[PDB]
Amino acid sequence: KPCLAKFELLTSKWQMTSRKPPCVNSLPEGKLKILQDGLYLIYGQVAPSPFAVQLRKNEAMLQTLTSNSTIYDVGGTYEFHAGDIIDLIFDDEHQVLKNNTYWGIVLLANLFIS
């Protein structure tokens, strides 16, 4: 089973696949802890109710998007290490439609190289 997690803004809550062992753990405030070194794909959709969103790793800004219409794919593909904290933040949540705003992550491959 793949390792996938999805955070819904309407519920403010994480759901994840039942894959064992977990590759991620849900945290409060919409954060996620990476448990395994790996290559991960982050996806997501942000619908407006222009707004701006920021994807972050620990302190680092992975990306900043600004749009006056729905962003149907935020994120990208990143190597993360065990302990990395991933977060998606909004300039103002009053500008987004929570019912149709969510983000998520899937493990593509562990990093057992040469």
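When you see a residue number, it is the position in the sequence shown, counting from 1.
The entry shows a gap from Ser49 to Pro50, with 4 to 9 unmodelled residues of the deposited sequence in between. The question of which stretch, 27-35 or 52-60, has the higher mean Cα B factor is settled in favour of 52-60.
Comparing the deposited coordinates for 61-69 and 37-45, the stretch with the larger average C-alpha B-factor is 61-69. The entry lists C-alpha B-factors for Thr101, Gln15, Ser12, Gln95, and the highest of these is at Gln95. Residue-level temperature factors show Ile113 in the highest third of its chain, judged at the C-alpha atom.
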